[PDB]
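To start, the structure under review is shown below, and the notes come after it.
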Amino acid sequence: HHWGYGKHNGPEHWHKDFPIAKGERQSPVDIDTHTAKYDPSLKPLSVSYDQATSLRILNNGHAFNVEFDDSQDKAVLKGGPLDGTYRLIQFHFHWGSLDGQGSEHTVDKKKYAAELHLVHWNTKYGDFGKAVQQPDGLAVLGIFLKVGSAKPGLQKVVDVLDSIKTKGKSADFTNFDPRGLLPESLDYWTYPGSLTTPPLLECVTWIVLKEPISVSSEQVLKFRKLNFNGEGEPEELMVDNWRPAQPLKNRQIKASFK
Ligand SMILES: CNc1c(F)c(S(N)(=O)=O)c(F)c(F)c1S(=O)(=O)CCc1ccccc1
Ligand SMILES: [Zn+2]
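Residue numbering for the sequence shown is 3 to 125, 127 to 261, as defined by the entry's author numbering.
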């Protein structure tokens with residue numbers, strides 16, 4: 003009876019195994035755009051993905067993960083609100099059963115169809132597993148997806164999904180360039196928060212871009228053909244793998260713009 007994205011094992015149950023679920027800096031949150039504070043001290047985000055080296059794509063049972071070789075100083079996130087250098091380790095998405103839901107963060111209560119998480123760890128902690136044990140261990144760049152025109156830089160991911168349909172499947176995934184997933188603007192909101200799945204560790208500086216990317220209905224439809232189950236088990240479509248917004252408690256969301 004492990005955690006997941008259903009009635010008896012979904013987000014409202016996670017606190018029994020992971021009591022930090024009711025902690026002081028949980029994610030996601032609703033972003034109140036009127037209450038977010040413009041912070042003229044915030045720097046432009048520096049996203050340096052030119053040398054990123056993707057390796058593989060994996061269905062981990064609740065998302066698909068595009069993994070990068072993070073053993074050199076390649077794909078890094080810096081600036082913005084961050085004090086160090088954070089290295090890209092992987093990206094994944096959260097999405098809905100319907101276009102009207104799927105994002106984890108919300109913007110004035112608006113839910114997007116999906117949300118992309120580009121996950122980076124602080125190089127001062129040496130590796131990802133040590134970083135998640137620190138309050139400044141991770142920087143996650145969150146990007147909303149809306150349904151409209153296709154995202155061409157997404158299609159290589161979409162097309163490999165039929166090869167990783169079920170939990171535990173992987174496929175080689177080299178030469179994927181994550182710059183194809185970024186909107187034109189790097190304007191953002193930022194706040195201190197957590198992993199949005201168990202173990203829910205309070206280790207994340209969230210950086211959420213204001214500008215969504217467009218993907219086509221056919222692209223998100225292929226996300227929804229994935230399965231939470233393993234091969235040879237009853238089929239459970241991988242949909243609604245998002246945590247709802249959590250209490251903001253004693254936090255301020257800062258805006259890089261306006
Ligand atoms: C990639 N690591 C990761 C993560 F990025 C996030 S999120 N949604 O970005 O805060 C999580 F919520 C999260 F829980 C993890 S995990 O590696 O500890 C547990 C395994 C896992 C892997 C992929 C997606 C979610 C959780
Ligand atoms: Zn995520």
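Where is the CB? At the ideal position from N, CA and C, for every residue including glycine.
Asked	Found
Pairwise C-alpha distance: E236 and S29	31 Å
Between the CA atoms of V161 and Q222 - distance to the nearest angstrom	6 Å
Own chain residues within Cβ distance below 7 Å of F93, not counting five before or after	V68, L118, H119, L120, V121, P181
Beta-carbon proximity check, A65 vs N244, cutoff 8 Å	yes
Stretch-stretch touch, CB-based, cutoff 8 Å, three pairs: the stretch 69 to 83 with the stretch 31 to 40	no
Beta strand (DSSP E) runs wholly inside the stretch 63 to 114, at least 3 long, in chain order	66 to 70, 78 to 81, 87 to 97
Own chain residues within Cβ distance below 7 Å of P13, not counting five before or after	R246, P247
Secondary structure of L229, DSSP reduced to three states	coil
Helix, strand or coil at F131 [DSSP, three-state]	helix
Coarse secondary structure for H17, derived from DSSP in three states	helix
Given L84 as reference, the closest of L184, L47, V150, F20 once Cα atoms are compared	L47
By C-beta, the residues closer than 5 Å to any heavy atom of ligand 1, given in chain order	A65, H94, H119, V121, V143, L198, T199, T200
Proximal residues to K257 (C-beta, below 8 Å), its chain only, five neighbours per side dropped	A38, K39, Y40, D41, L44, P83, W192, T193, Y194
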